[PDB]
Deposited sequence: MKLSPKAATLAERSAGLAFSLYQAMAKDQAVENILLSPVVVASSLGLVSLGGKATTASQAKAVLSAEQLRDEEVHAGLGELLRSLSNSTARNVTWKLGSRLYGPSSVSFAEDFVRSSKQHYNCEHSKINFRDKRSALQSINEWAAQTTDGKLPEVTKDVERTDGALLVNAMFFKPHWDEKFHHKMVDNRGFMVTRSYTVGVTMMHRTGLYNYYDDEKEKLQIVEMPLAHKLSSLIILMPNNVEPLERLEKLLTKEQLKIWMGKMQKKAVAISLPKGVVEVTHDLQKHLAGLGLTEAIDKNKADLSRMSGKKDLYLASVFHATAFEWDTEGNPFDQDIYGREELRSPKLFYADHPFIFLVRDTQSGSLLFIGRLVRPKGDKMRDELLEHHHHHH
């Protein structure tokens, strides 16, 4: 599969992903969560590639890769980024773009442009918030072009203007190994809370899925294989409507191994919301809480390897993803009593590359689109 350096960085990006998820889940302001572990690691890798002194060491700090050299980190993350990006193309729809926006007074250094494009496929563009709407439109047009309109907008505003903006635009659409029938679709209610219901469209299918029912913890967990079993989507959900905080306290890497080992192929009636979930995170505050303190500081950032001068600081790290839940998948082929997996309330989901075991995605759906 992947090289030794890409495999160890894959395990560290997964630990960083769960770890970033928990920090955002503890943030009372964060609702929907959607993180790509390799894209988050690449964002930190770019800071190490363009930073000096503590700015770069803190970037390798969050990555837990200080004991690694700069070259084997970039070569490892670069391979891991390109490997998982296309090992999950052939099966599911997956579009990724990374663009670094600098102020007009900034000139990107030539060595940083070459290595950041070779390792992380990073694009470089210059922007001016002179016309703040025109600047926002340039980002949204780039994101829409990268995702073919599936993500037509990154952010509605940019609070920090005098710095560098790293924008990752993503579109992910799981292609099921066994498709839902497009007529098994109707309008139902999604209970965001016990007192707040949003009208959504739901898709329904009953089949054989790896399933575990935890009567002790009062939760359901199901594994939905993606096309040709090259990856799988795992969903963790409480039995009844409740905040996901209790389930997240059980959400560890070791507890997941216990749940994965207890699953058995059972008849499961899976009902999922249908539609595109658009999530845009500015990981700046949350990456700072993990150790990336100086890179985002106007007064103490050393990003001189990006531009030649200490005129840049990391203003925002946009992690924007459009995640489409749809019925499409591979065609498939009778008296069992199906387990009910009725996902009309917040849940946690993981996308797992069945080959390398790498975490492709981690997130939670709290609020779908809909007028209530």
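According to the record, the deposited residues with no C-alpha atom in the structure span 1, 335-341, 381-393.
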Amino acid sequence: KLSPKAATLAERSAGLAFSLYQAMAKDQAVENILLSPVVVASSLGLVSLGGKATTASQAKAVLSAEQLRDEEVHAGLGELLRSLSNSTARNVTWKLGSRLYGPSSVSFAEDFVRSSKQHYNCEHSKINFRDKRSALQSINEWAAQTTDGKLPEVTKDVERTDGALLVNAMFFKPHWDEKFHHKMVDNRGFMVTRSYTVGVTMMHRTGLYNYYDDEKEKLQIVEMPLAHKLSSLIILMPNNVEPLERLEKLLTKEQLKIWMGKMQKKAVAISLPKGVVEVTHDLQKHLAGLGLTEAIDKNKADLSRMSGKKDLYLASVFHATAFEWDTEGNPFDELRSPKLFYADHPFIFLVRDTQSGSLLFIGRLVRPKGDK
From here on, numbers count along this sequence of modelled residues.
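For the two regions 199-207 and 250-258, the entry's Cα B-factors average higher over 250-258. Higher average CA B factor: 299-307, of the stretches 31-39 and 299-307. Of the candidates 158, 272, 279, 236, the PDB record gives 158 the highest C-alpha temperature factor. The residue among 116, 98, 284, 83 whose C-alpha carries the highest B-factor in the deposited model is 83. Among all modelled residues in its chain, residue 147 ranks in the middle third by Cα B-factor.
For residue 218, the recorded CA temperature factor ranks within the highest third of the chain's modelled residues.
In this PDB entry, residue 326 carries a Cα temperature factor that places it within the lowest third of its chain's modelled residues. When the modelled residues of the chain are ordered by their C-alpha B factor, residue 342 lands in the lowest third. Among the modelled residues of its chain, residue 318 has a C-alpha B-factor that falls in the lowest third, as given in the PDB entry.
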